Amino acid sequence: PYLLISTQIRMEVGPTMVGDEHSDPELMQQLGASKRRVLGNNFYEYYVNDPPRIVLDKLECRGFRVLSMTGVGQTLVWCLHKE
Amino acid sequence: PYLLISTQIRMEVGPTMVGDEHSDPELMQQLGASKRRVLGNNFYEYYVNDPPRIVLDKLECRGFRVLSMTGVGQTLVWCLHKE
Amino acid sequence: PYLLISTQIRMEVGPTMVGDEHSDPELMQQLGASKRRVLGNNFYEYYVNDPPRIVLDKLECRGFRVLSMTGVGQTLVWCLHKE
Amino acid sequence: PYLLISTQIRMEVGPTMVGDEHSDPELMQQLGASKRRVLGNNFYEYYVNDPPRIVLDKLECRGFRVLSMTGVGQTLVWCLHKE
Amino acid sequence: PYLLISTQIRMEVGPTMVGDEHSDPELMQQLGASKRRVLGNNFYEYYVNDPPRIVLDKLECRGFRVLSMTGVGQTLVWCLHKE
Ligand SMILES: [K+]
Ligand SMILES: [K+]
Ligand SMILES: [K+]
Ligand SMILES: [K+]
Ligand SMILES: [K+]
């Protein structure tokens, strides 16, 4: 299984987006993530206020490892994987 | 063999492009893809309504693995590979 | 040795720039590549009219594998390697 | 554990940002990094004036390896990992 | 040790930046690099006229391998590593 998380520049602060409407609910909880819908968007998302680095470390503890990272617009995105 | 899939940000929702007009039709069918031609294009494309994460998880079951991910414009691209 | 190939978006269609004037003439021929200059082009380029995926697949048969992929401007670039 | 460092082009000169305010102070101490808040921000950043190459080599000695690199806007970002 | 090399699009031609002013002179010489300070730059840079592909191959000979590639602005950057 894969995981996509992102953050808007600057990377040193949050919030960090950690999931879509169908993300594993137990994982989102383990990260202290909340479900919300930002106005202007027509989809729900999970987020945490922690900067990306903090979230990457937490995910390592749950078995996820970073495969790739890229930028698009002013968004930094990380693709994680787990057997 | 390789596979290129993409999506425009936001990455939490679809649609997700999963093929060119020469794509393996059996795989496109297993992904639940549909063929269409956007206005202004002289070529067809396969796409699904599921967000990128869901599509990666499905491909992982088909034997694919993400080698790389990148951004170009407002588009997110994943290059997958299967032995 | 390394290889660099590219294409402008959309990624679904060609052409695909598969080499520079110093590229292996053998390799360029197995991929059905044609050399040329693009007016203003003080240099040459090898391309094929196939979309990136087709090309990536053919290069695989020749021992080349994708190490990295990135976007720059409206251009997608793949970096392949071979023992 | 993961580490995120960055720099603005040109990549040949500094400064290089080596951490947020929750960064390991011992590690920061070791790179000879300094803390400062830049006009426009509201949070602190650790940084060195050495260019990225020197920083990557210093981090290699500490057991950190580069997992990925990417540009976003005018910023180069490197994601490093350590067992 | 790490290495950072780059080039402006188009990637088919050079020059290719191969180092900063603190770069290993001995390594710079095996590449046949030259030193120069571009106007409007408060720093020196080592370059070669060879397009990226040739430099990548020359560096493979000396024990360097590509870890990541990315684009920032009109520049393509390669991060190479050597045990
Ligand atoms: K942020
Ligand atoms: K989308
Ligand atoms: K194209
Ligand atoms: K800089
Ligand atoms: K160039």
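The figures here come from the full heavy-atom set of this structure, side chains too, leaving out hydrogens, waters and symmetry mates. Start at 1 and go down the list; that is how both ligands and their atoms are numbered. Chain letters run A, B, ... following the sequence lines, proteins first and then strands; every chain starts at 1.
- In this structure, the side chain of A:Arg53 engages the main chain of D:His22 through a donor-acceptor pair within 3.5 Å.
- Formation of a donor-acceptor pair under 3.5 Å by the A:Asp20 side chain with backbone atoms of B:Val13 is not found in this model.
- The K ion (ligand 2) is the vertex of the angle joining O of B:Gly14 and O of B:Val13, which measures 70° to the nearest 10°.
- One finds a salt bridge joining E:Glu45 and E:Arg36 here, because a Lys/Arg side-chain nitrogen approaches an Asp/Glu carboxylate oxygen to under 4.0 Å.
- Residue B:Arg10: an N/O/S atom is found under 3.4 Å from the K ion (ligand 2).
- Not one N, O or S atom of E:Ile9 sits under 3.4 Å from the K ion (ligand 5).
- Angle O(E:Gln8) to the K ion (ligand 5) to OG1(E:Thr7), rounded to 10°: 80°.
- Panel note: side chain B:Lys35, backbone B:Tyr47; no donor-acceptor pair is recorded below 3.5 Å.
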